[PDB]
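Visitor:
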Amino acid sequence: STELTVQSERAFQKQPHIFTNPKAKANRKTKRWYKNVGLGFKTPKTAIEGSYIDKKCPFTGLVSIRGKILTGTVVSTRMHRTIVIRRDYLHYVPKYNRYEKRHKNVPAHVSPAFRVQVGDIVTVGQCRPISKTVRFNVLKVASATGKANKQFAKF
Amino acid sequence: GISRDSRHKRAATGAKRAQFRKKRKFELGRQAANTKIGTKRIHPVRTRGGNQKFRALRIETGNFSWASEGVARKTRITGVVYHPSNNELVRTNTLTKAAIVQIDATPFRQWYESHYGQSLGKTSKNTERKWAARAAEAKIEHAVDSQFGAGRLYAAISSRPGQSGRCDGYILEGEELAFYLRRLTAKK
Amino acid sequence: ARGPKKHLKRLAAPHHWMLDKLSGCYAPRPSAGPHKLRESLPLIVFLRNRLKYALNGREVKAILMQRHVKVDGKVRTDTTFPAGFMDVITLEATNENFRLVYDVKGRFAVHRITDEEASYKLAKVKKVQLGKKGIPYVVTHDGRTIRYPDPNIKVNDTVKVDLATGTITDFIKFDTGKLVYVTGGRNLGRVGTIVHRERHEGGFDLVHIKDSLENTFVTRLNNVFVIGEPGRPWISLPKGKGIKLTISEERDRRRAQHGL
Amino acid sequence: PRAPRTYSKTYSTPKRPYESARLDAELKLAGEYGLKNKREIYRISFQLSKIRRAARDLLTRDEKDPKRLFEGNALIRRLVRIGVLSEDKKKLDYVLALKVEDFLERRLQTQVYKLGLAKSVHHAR
RNA sequence: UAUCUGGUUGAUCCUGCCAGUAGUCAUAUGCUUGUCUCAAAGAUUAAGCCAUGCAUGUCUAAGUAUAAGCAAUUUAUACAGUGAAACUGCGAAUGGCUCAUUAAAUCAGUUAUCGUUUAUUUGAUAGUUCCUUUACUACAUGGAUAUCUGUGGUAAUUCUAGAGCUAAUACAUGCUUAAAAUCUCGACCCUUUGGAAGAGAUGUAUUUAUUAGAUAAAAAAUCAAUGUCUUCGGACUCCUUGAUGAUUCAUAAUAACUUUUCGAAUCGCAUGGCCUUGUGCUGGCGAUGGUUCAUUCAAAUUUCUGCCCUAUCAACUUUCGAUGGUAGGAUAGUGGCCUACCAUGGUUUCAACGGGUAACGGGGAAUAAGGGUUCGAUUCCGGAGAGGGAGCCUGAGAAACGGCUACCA
RNA sequence: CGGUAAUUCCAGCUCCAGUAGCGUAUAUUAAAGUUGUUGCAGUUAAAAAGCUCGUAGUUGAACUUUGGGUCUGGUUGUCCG
RNA sequence: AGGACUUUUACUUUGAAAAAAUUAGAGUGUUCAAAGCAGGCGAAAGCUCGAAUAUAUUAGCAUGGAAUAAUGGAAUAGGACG
RNA sequence: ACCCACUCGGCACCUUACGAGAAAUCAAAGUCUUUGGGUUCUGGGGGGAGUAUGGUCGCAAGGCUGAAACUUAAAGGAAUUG
RNA sequence: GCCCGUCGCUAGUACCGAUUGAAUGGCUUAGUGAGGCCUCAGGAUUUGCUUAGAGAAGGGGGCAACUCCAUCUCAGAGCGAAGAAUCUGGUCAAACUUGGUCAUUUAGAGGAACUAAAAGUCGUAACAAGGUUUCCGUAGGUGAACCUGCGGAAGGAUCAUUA
Ligand SMILES: [Mg+2]
Ligand SMILES: [Mg+2]
Ligand SMILES: [Mg+2]
Ligand SMILES: [Mg+2]
Ligand SMILES: [Mg+2]
Ligand SMILES: [Mg+2]
Ligand SMILES: [Mg+2]
Ligand SMILES: [Mg+2]
Ligand SMILES: [Mg+2]
Ligand SMILES: [Mg+2]
Ligand SMILES: [Mg+2]
Ligand SMILES: [Mg+2]
Ligand SMILES: [Mg+2]
Ligand SMILES: [Mg+2]
Ligand SMILES: [Mg+2]
Ligand SMILES: [Mg+2]
Ligand SMILES: [Mg+2]
Ligand SMILES: [Mg+2]
Ligand SMILES: [Mg+2]
Ligand SMILES: [Mg+2]
Ligand SMILES: [Mg+2]
Ligand SMILES: [Mg+2]
Ligand SMILES: [Mg+2]
Ligand SMILES: [Mg+2]
Ligand SMILES: [Mg+2]
Ligand SMILES: [Mg+2]
Ligand SMILES: [Mg+2]
Ligand SMILES: [Mg+2]
Ligand SMILES: [Mg+2]
Ligand SMILES: [Mg+2]
Ligand SMILES: [Mg+2]
Ligand SMILES: [Mg+2]
Ligand SMILES: [Mg+2]
Ligand SMILES: [Mg+2]
Ligand SMILES: [Mg+2]
Ligand SMILES: [Mg+2]
Ligand SMILES: [Mg+2]
Ligand SMILES: [Mg+2]
Ligand SMILES: [Mg+2]
Ligand SMILES: [Mg+2]
Ligand SMILES: [Mg+2]
Ligand SMILES: [Mg+2]
Ligand SMILES: [Mg+2]
Ligand SMILES: [Mg+2]
Ligand SMILES: [Mg+2]
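Chains as they are written, first to last, in our numbering: chain A, 5 to 159; chain B, 39 to 226; chain C, 29 to 288; chain D, -4 to 120.
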């Protein structure tokens, strides 16, 4: 779901105010800026050496992670550059002393540095309002597959 | 009267929210500046908490910066050639942020001449020794020399004339220019 | 409400001003000043109620106007000045000096304190920043902006303002095993020693405090104010030294110390 | 708008309003101590019930529990200060055994009658 | 504050409801009514309509005094006293009332603003306004303007047109004023290690580019570039760096930019010291201002969870923004908040969407073995509203209504 | 209850209950184990879909270190100082 | 106090929090009480103790525990260590 | 193919209360005030009424879903004596 | 003994209902759209710089470039600066007209009912073997309860034929 071209749209895609000097003869790939979101969260090497842009990247973009940290399960990875996470919980009805299974759908913005798919449990972090509904940035794909790490059977 | 609150929008689910708390003053939105070229005419607007804002409609000259050697000069904007949002602004010569314009480019030219003196487009001993110590490091790339011979520089504006009132930006240079000229050749 | 609010109804006043719920519809709203109004103490409350030197509003106004009150070496002629925690109130008449420290019930108790030490004040460091032209500065809890501080003074620290020049006299570094005061919540007025300060990556530092009676509790770091070294407080602690005797122990104190 | 001060009821009429034995007992207590109405017995029964709810709640709590100690001995000292509970039975288990007649006995009416300066209960009233 | 009783039958045991019983900061009403304390009170229907009268104006020794107002006496040649009026400044956005709209809406608990504005209060905060400085008001720059004096108009309204003076912390301008260091440009020489007479700019504010804003730990060779000292082997040994969990943060630096913001032409009291003994030089305590950064009162948004009945409401939303992407505009600021072009998405049997609420949410009230049921218009906290709707000036703060504009009634 | 002896209607006498309060109306709570999670019933009193499959929901067999010995700290009831 | 890996929960103990008023409840002769946060004691010559506590059963934060209930490891070894 | 003994599963049956019910009776209608193995559907006095309306299925017949206004002190279950 | 239905009378409740009704409110197609705000213009008037030539009479403090002067004063003309009415395009959009739609009230000829009142009428279905056992589903019929046909069920009037 990611275009091969590093910039695909009409506007140019650059990290604002990080400049690579063309007159210089170092001729490294580019000058890519990055940061660590803290909380003992490892920045992915796919973001470290990657070539995407993703204005709203917790690791490379301007957005900062602060506030709530929510763990959930991916219910929809199939809309562009964003994720829909199913968070399940038990509401405690006290008149019966009984619990009640309930679910909420939290939109978030997964960076291209992560490879997500339906069913992955994801640790996500609070940030600024990114869109009308997304307020969280995907920070870790804990379960990449879960039960699909081993697929084939060849003794 | 143009509100920017979220109440008039439908909910994430899609329900039509009922009207509530008729829109306030801390939620207002003002008219677009849709600036033009020529006969500088900046109108002050008194916004929230004082803080004079400046609408910069009809702006002709502004500061522009060169990143390679890092030098800024006041120069004239001469039309807009590309806009990443809407080509309608390009046809109407509406100047907003991130628009791509042409530059008279003379001030950069004789700054280069008094700085390196390579005679693009085709003394005291102190200046001669400065140039000798420079030792022709001014190996600036070929396309900028091409439009120097043409005489009009390709620049991308970076200031917001709608808010700041200025007309500041930077010249396209390096792969930047590359990208956009492809787009321009798409237009051509 | 469209704009700021300038009225404080009597029931909405903090229960540490602890006024009478009758005999008045409103309560003195503290004007803007060095302290949060929820945490501060208006001068009218301190004089009319705590000291009873006055009788009502007009008397407090007359007292403040003729420049007998001196808050931290300054006159402060406004009725609802937020004289907050650790401020010094000087009355040249009766030559008396007070320092506002919470009694362990958690209230701004009347603390008559000597003239010699009244020259200075203590303060908690809430920020250490670099202002324009590269000048370091420190913001205390009073909002005092002290310029050119000691280079190794950090946040959450404590410092000793001379209160005359308003500069840096001495400071105490926040770390384990240090005498400390509590300035909010259930542990108001409590004084102890820092046993441990659990970091809690991501926010809301907590510190464990053990007092002289060997009781232990835990409090937020925003809520904490280092006051000196164990056995050597840098100020004169109020009567009781904030041990928080149990209600049964308080009853035993009432029974034992009793003469009529 | 000024902060209200809380008025509160001090009696509770019984559920069965026409119990013959209860009515006769109430009249006996009214005539013994010269009570003007039968609301007086309701008030004393309500006071006894409040004291008793507190006593049973404290009893439910575990022995040697700070709440039990503090509030229990507070209630006992208050009742022995009133005089209804004799010093012999300061135990918080005899406090449940108090009867309405005990609080009736400590009224200034009956005390003036006991001292003898009033030779009749209605004379005391 | 764990209780039952009368009624189906000729009679019985049940299921069952009706009725009885006790409440009710739940009202209404009937009949009575002596005292002290205390107190709700046009919420229910009509957020229906309003005569009339009040409900916000404000002056200190310290902004402006020529009222032809008062005091004219012990303080009075500009002025001092008191003081109408008016200009100026500030509040009028607080308070008070009502619950009409509103069902993830408000609100409650709990977070966030490294996503923003903030009069005031409190603490700090600036030499450069000179621009070629060998000719300027800085011992003080200009013009209006209310109040007032007089002429009116209208039937009337806090309706004001014309004329004549007049002021400011009102409106406009504008001066000093150091040194230092850093950048840039050179009248020359003397053969390199090239190194130097000298000239202009640099406060802050705004805008844009770029740089620094470091940091896990011992040694090398080499090549180039070429810097100091050389006791001419070569050594380079010394490099300064704050905060958070994180940043493009704080801050600093370079280049520039601006229809060029601020950097005291303001008041009161006391009027001391130096003698350069003159109105000379300096000089205290305050009051107002004033840029920026904090702090406080806050304001806006904002994370998780929590709402009454209903399926005789099962699919809802998107051409007109519905979900997301990017760029721009607007915003104080994030944000489909709006626009342009793309993607076709988002919610839902864990009840979405729709409908109803004689629903404002909550702290709480009644009731009480325990579990609960009902109520919460109203003394506190929030929200909303001023007949219904929209629109806006002033300010720090209003979509204000005891502020205006228009439509509807 | 009232159909010529009305303990029930209208009155007089006596008495009863609350008492400066009492009576009515609606609403509501306990009574209501007549909303039942604690805690209701379904053979005939009202009430087991005609039967079976079946998504969601609810629920779901057993099993993965149990023992011991010592030292030692508080708290008790110990016997008494 | 730093790199390093962290199976994840549900559950439960403790604490910080859940504004005051209200409920509970301590002290206190408003003449008693509803109440109120007062008051008390000197020799009468200024000296004083107060304005206690608990609960809120949900959501969030920290913390100790590991029975009960659920998920995950190593089966193609692409497993664990040196 | 019978006979004897045992066992699993099924339609059933006799006796009994030591258990349950208002009883008739039930070996489940027991293990229920000493109240909790999992789970689905249904009922809240009688009548109006399984009526009207609104859906939905059906060619039609009709099926599924399905009240209220109002009225009523009973309707009803089992058993006992006539 | 008890009771069932049709028809007959009275009061109430509710429904359907042609009238292609009526009102209110909600949205809404289409067409108008006040007023504010922004913008394009516009330019009454107020002004400042200028030498733009006069009378002013030392209209400088020396008959004269006054040894001109913040000089009397308009034709100047330019250059500004502020700037009202008016006005171009939007923008927020109230509201109007026109139909459409839905929701609630709202009448309404007439029709089909259901209750309560029990001393009307015609029968006597059910409760006993109710004198044809009863009841259920379905279909037909008929003054009326009801009858009949086909399958059931005992809540039957049999728990029973190894006679
Ligand atoms: Mg208000
Ligand atoms: Mg009960
Ligand atoms: Mg019967
Ligand atoms: Mg009978
Ligand atoms: Mg009843
Ligand atoms: Mg009297
Ligand atoms: Mg009303
Ligand atoms: Mg004024
Ligand atoms: Mg005066
Ligand atoms: Mg709704
Ligand atoms: Mg950088
Ligand atoms: Mg910065
Ligand atoms: Mg954007
Ligand atoms: Mg309402
Ligand atoms: Mg309310
Ligand atoms: Mg409510
Ligand atoms: Mg209402
Ligand atoms: Mg309110
Ligand atoms: Mg309003
Ligand atoms: Mg009205
Ligand atoms: Mg203001
Ligand atoms: Mg309004
Ligand atoms: Mg009004
Ligand atoms: Mg108002
Ligand atoms: Mg007005
Ligand atoms: Mg008689
Ligand atoms: Mg039942
Ligand atoms: Mg039957
Ligand atoms: Mg039945
Ligand atoms: Mg069945
Ligand atoms: Mg299933
Ligand atoms: Mg198991
Ligand atoms: Mg509270
Ligand atoms: Mg009480
Ligand atoms: Mg029924
Ligand atoms: Mg039926
Ligand atoms: Mg139908
Ligand atoms: Mg029977
Ligand atoms: Mg009728
Ligand atoms: Mg127009
Ligand atoms: Mg016949
Ligand atoms: Mg028959
Ligand atoms: Mg026959
Ligand atoms: Mg026959
Ligand atoms: Mg028959």
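Note that the Cβ used here is the ideal one computed from N, Cα and C, for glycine as well.
Using a Cβ cut-off of 9 angstroms, pull out every chain C residue sitting near A/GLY44, in sequence order please.
Guide: Taking the first residue of the first sequence as 1, we reach residue 44 of chain A at position 40. Those are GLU229, listed as they occur along chain C.
Visitor: Looking at chain A, is there any beta carbon in it that lies within less than 8 angstroms of the beta carbon of B/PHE217?
Guide: As a working note, residue 217 of chain B is residue 179 in the second sequence. Output row for B/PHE217: interface = yes.
Visitor: Nearest-angstrom Cα distance between B/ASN89 and B/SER202?
Guide: Position 51 of the second sequence, counted from the first residue, corresponds to residue 89 of chain B. Position 164 of the second sequence, counted from the first residue, corresponds to residue 202 of chain B. Spanning the two alpha carbons is a distance of roughly 11 angstroms.
Visitor: According to a CB-to-CB cut-off of less than 8 angstroms, which residues of the stretch -4 to 9 of chain D neighbour chain C?
Guide: Correct list: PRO(-4), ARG(-3), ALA(-2) and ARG0.
Visitor: Could you tell me how far apart the beta carbons of C/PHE74 and C/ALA40 are, in whole angstroms, since I believe they sit closer than 8 angstroms?
Guide: Start at 1 with the first residue of the third sequence, and residue 74 of chain C comes out as number 46. Start at 1 with the first residue of the third sequence, and residue 40 of chain C comes out as number 12. Actually they are not in contact, since the Cβ atoms of C/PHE74 and C/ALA40 sit about 19 angstroms apart, beyond 8 angstroms.
Visitor: DSSP three-state call for B/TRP149: helix, strand or coil?
Guide: On the second sequence, position 111 is the one that residue 149 of chain B refers to. Helix at B/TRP149.
Visitor: By alpha-carbon positions, which one of B/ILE80, B/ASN101 and B/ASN164 ends up nearest to B/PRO145?
Guide: For the purposes of this step, residue 145 of chain B is identified with residue 107 of the second sequence, where counting begins at 1. B/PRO145 has its Cα closest to that of B/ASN101, out of B/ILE80, B/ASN101 and B/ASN164.
Visitor: Mind the definition here: the stretch 220 to 235 of chain C touches the stretch 71 to 91 of chain C only if three or more C-beta pairs lie below 8 angstroms; say whether that holds.
Guide: Contact fails: fewer than three Cβ-Cβ distances are below 8 angstroms.
Visitor: Decide if the stretch 82 to 96 of chain D is in contact with the stretch 106 to 119 of chain D; the criterion is three or more beta carbon pairs, one per stretch, under 8 angstroms apart.
Guide: Contact fails: fewer than three Cβ-Cβ distances are below 8 angstroms.
Visitor: Would you tell me roughly how many angstroms separate the C-alpha atoms of A/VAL78 and A/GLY129, rounded to the nearest one?
Guide: Taking the first sequence and counting its residues from 1, one reaches residue 78 of chain A at position 74. Taking the first sequence and counting its residues from 1, one reaches residue 129 of chain A at position 125. Spanning the two alpha carbons is a distance of roughly 14 angstroms.
Visitor: Tell me which same chain residues have a C-beta within less than 6 angstroms of the C-beta of B/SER103, skipping the five on either side of it?
Guide: Taking the first residue of the second sequence as position 1, residue 103 of chain B is located at position 65. Counting only Cβ-Cβ distances below 6 angstroms, and skipping sequence neighbours, we find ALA110 and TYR208.
Visitor: In chain A, what lies closer than 8 angstroms to B/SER106 by C-beta?
Guide: Residue mapping note: residue 106 of chain B aligns to position 68 of the second sequence, counting from 1. In chain order: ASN25, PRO26 and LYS27.
Visitor: Going by alpha carbons, who is nearest to B/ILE40 out of B/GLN57, B/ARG55 and B/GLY67?
Guide: Here residue 40 of chain B refers to the residue found at position 2 when the second sequence is read from its first residue. The option with the nearest alpha carbon to B/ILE40 is B/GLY67.
Visitor: To the nearest angstrom, how far is the alpha carbon of D/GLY29 from that of D/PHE65?
Guide: Taking the fourth sequence and counting its residues from 1, the one referred to as residue 29 of chain D is at position 34. Taking the fourth sequence and counting its residues from 1, the one referred to as residue 65 of chain D is at position 70. Spanning the two alpha carbons is a distance of roughly 37 angstroms.
Visitor: Taking a contact to mean a Cβ-Cβ separation below 8 angstroms, would you say C/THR186 touches C/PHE113 in this structure?
Guide: Reading the third sequence from its first residue, position 158 is the one you call residue 186 of chain C. Reading the third sequence from its first residue, position 85 is the one you call residue 113 of chain C. Going by C-beta atoms, C/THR186 is not nearer than 8 angstroms to C/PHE113.
Visitor: Just mark A/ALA112 as buried or exposed, buried being the case when its beta carbon has 16 or more other beta carbons within 10 Å.
Guide: As a working note, residue 112 of chain A is residue 108 in the first sequence. It is buried - the Cβ of A/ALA112 has at least 16 other Cβ atoms within 10 Å.
Visitor: In whole angstroms, give me the CA-to-CA distance for D/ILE39 and D/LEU110.
Guide: As a working mapping, residue 39 of chain D is identified with position 44 in the fourth sequence. As a working mapping, residue 110 of chain D is identified with position 115 in the fourth sequence. Taking the straight line joining both Cα atoms gives about 22 angstroms.
Visitor: Can you tell which of C/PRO32, C/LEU36, C/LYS34 and C/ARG66 has the C-alpha that lies nearest to the C-alpha of C/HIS44?
Guide: For this step, residue 44 of chain C is matched to residue 16 along the third sequence. The shortest Cα separation from C/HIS44 among C/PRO32, C/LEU36, C/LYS34 and C/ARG66 belongs to C/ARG66.
Visitor: Assuming C/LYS272 and C/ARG218 form a contact by the criterion Cβ under 8 angstroms, report the distance between their Cβ atoms to the nearest whole angstrom.
Guide: Taking the third sequence and counting its residues from 1, the one referred to as residue 272 of chain C is at position 244. Taking the third sequence and counting its residues from 1, the one referred to as residue 218 of chain C is at position 190. Indeed they touch by this definition, with Cβ atoms about 6 angstroms apart.
Visitor: Which complete beta strand (DSSP E) runs does the stretch 56 to 110 of chain C hold, if anything under 3 residues is left out?
Guide: Counting only runs of 3 or more, we get 97 to 99.
Visitor: Please confirm if A/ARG14 has its CB atom under 8 angstroms from at least one CB of chain B.
Guide: Taking the first sequence and counting its residues from 1, the one referred to as residue 14 of chain A is at position 10. So, interface residue.
Visitor: Among the residues of its own chain, which have a CB less than 6 angstroms from the CB of C/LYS98, if the five just before and after it don't count?
Guide: Taking the third sequence and counting its residues from 1, one reaches residue 98 of chain C at position 70. Same-chain partners within the cutoff: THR118.
Visitor: Between which two residues does the alpha helix (DSSP H) harbouring C/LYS154 extend?
Guide: Along the third sequence, one-based indexing puts residue 154 of chain C at 126. Unbroken run through C/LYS154 is the beta strand (DSSP E), 149 to 159; no alpha helix (DSSP H).
Visitor: Does the structure place the stretch 140 to 148 of chain C close enough to the stretch 161 to 171 of chain C that three or more beta carbon pairs sit under 8 angstroms?
Guide: No, they do not touch.
Visitor: Which of the three DSSP states is assigned to C/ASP131 in this structure?
Guide: Indexing the third sequence from 1 puts residue 131 of chain C at position 103. Three-state result, C/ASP131: strand.
Visitor: From which residue to which residue does the alpha helix (DSSP H) around B/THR165 run?
Guide: As a first step, residue 165 of chain B must be located in the second sequence, where it is residue number 127. Its alpha helix (DSSP H) spans residues 163 to 172.
Visitor: Mind pulling the chain A residues with CB within less than 8 angstroms of B/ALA50?
Guide: Numbered from its first residue, the second sequence carries residue 50 of chain B at position 12. The contacting residues are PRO111, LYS136 and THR137.
Visitor: What number of angstroms, rounded off, separates the C-alpha of B/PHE92 from the C-alpha of B/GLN69?
Guide: What you label residue 92 of chain B is simply residue 54 of the second sequence in a count that begins at 1. What you label residue 69 of chain B is simply residue 31 of the second sequence in a count that begins at 1. Roughly 13 angstroms separates the two Cα atoms.
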